[PDB]
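Have a look at the structure below before the remarks.
Bear in mind these aren't lab numbers, they're just calculated from the coordinates by the rules spelled out. Positions of Cβ are backbone-derived with ideal geometry, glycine not excepted, and every protein chain shown enters the neighbour counts.
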Amino acid sequence: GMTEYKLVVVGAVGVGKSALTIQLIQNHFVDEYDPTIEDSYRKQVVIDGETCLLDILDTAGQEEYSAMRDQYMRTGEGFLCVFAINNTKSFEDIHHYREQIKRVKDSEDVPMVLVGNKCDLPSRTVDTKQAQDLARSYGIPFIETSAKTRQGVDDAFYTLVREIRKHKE
Ligand SMILES: Nc1nc2c(ncn2[C@@H]2O[C@H](COP(=O)(O)OP(=O)(O)O)[C@@H](O)[C@H]2O)c(=O)[nH]1
Ligand SMILES: [Mg+2]
């Protein structure tokens, strides 16, 4: 039979984790989705000829107990590490997410895709080079997205599944 993959969407508050996830799941852009809600969604997709089931956790940051964060990192098979291209702090936070996920999984090889979201907005502060360089330093893909226009959205999630498949192989 087919396989279910656990994908985890991480990043600073307001970078567009929820907007990206809802676009993938429901095919519309949600302007106002409570920043404090953490939920998961299932979606069956075909990627490279193989059907699979995505179980996507849209994270919202601190948990009641940090042990709960550690648990979703341990069970998570691939991570979408999202920053917003107009928020340098959210980009610098990626260093922390990369470290923390590796630390919790006690692994040097964790499937991830770096996502620079809000690419439809003006006055970018994080340039493509910075982000491309960081992703290269991690050995992972970098994709620029807009949850509003859908630029790169499917690409980001499907690329993450490909990265999970490569890790498991
Ligand atoms: N213009 C634009 N706004 C976005 C995009 N992604 C998210 N937003 C907005 O940015 C804010 C934060 O989005 P949200 O999905 O709630 O971020 P989260 O806290 O990471 O889940 C919201 O007001 C969204 O409308 C995007 O790609 N483009
Ligand atoms: Mg959210």
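Give all pairs with beta carbons closer than 8 Å in which a residue from the stretch 88-114 that is closer than 20 Å to residue 161 by Cβ meets a residue that is β-branched (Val, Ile, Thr) and part of a helix (DSSP H, G or I); count only pairs at least 6 apart in sequence or on separate chains.
Hits for this filter: 110/101; 111/164; 112/101; 113/159; 114/94.
Hey, can you tell me all the residues within the stretch 37-86 that are small (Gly, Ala, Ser) and closer than 19 Å to residue 14 by Cα?
Scanning the stretch 37-86 gives 40, 60, 61, 84.
Failed condition for residue 35, given (1) surrounded by fewer than 17 Cβ atoms within 10 Å (Cβ to Cβ); (2) more than 9 Å from ligand 2 (Cβ to nearest atom), with all others met?
The failed condition is (2).
Please count how many residues of the stretch 45-60 are more than 21 Å from residue 73 (Cα to Cα) and either within 15 Å of ligand 1 (Cβ to nearest atom) or in contact (Cβ under 8 Å) with a residue 24 or more places away in the chain (or both).
Going through the stretch 45-60 one residue at a time, the tally reaches 5.
State whether the residues of the stretch 47-64 include one that is exposed (fewer than 14 other Cβ atoms within 10 Å of the Cβ) and either assigned to a helix (DSSP H, G or I) or within 16 Å of ligand 2 (Cβ to nearest atom) (or both).
yes
Under 7 Å by Cβ, and 6 or more places apart or on different chains, what pairs join a residue from the stretch 1-30 that is away from ligand 2 (no atom under 11 Å from the Cβ) with one that is among the basic types (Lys, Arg)?
Going by the 7 Å Cβ cut-off, the qualifying pairs are 23/150; 24/43; 25/43; 29/148.
Which condition number in (1) away from ligand 1 (no atom under 12 Å from the Cβ); (2) closer than 14 Å to residue 160 by Cβ is the one that residue 1 fails?
Condition (2) is where residue 1 drops out.
Looking at (1) touching a strand residue (DSSP E or B) at 6+ places or on another chain (Cβ under 9 Å); (2) in a loop (DSSP other than H, G, I, E, B); (3) β-branched (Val, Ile, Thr), which one does residue 13 not meet, given that it meets all the others?
(1)
Condition first: in a loop (DSSP other than H, G, I, E, B), in contact with a strand residue (DSSP E or B) (Cβ under 7 Å, 6 or more places away or on another chain) and either under 11 Å from residue 82 (Cβ atoms) or among the hydroxyl-bearing types (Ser, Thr, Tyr) (or both). Now tell me which residues in the stretch 109-145 satisfy that.
Answer for the stretch 109-145, where residues must be in a loop (DSSP other than H, G, I, E, B), in contact with a strand residue (DSSP E or B) (Cβ under 7 Å, 6 or more places away or on another chain) and either under 11 Å from residue 82 (Cβ atoms) or among the hydroxyl-bearing types (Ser, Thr, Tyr) (or both): 118, 145.
Restricting the search to the stretch 78-97, which residues are touching a helix residue (DSSP H, G or I) at 6+ places or on another chain (Cβ under 6 Å) and either β-branched (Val, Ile, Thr) or surrounded by fewer than 21 Cβ atoms within 10 Å (Cβ to Cβ) (or both)?
Hit for the stretch 78-97 is 82, nothing else.
For the structure I just gave you, tell me whether residue 40 is surrounded by 11 or more Cβ atoms within 10 Å (Cβ to Cβ) and either away from ligand 2 (no atom under 16 Å from the Cβ) or closer than 21 Å to residue 89 by Cα (or both).
Judged against the criteria, residue 40 is not a match.
Mind checking which residues of the stretch 73-98 are within 23 Å of residue 55 (Cα to Cα) and assigned to a helix (DSSP H, G or I)?
73, 74, 75, 94, 97, 98
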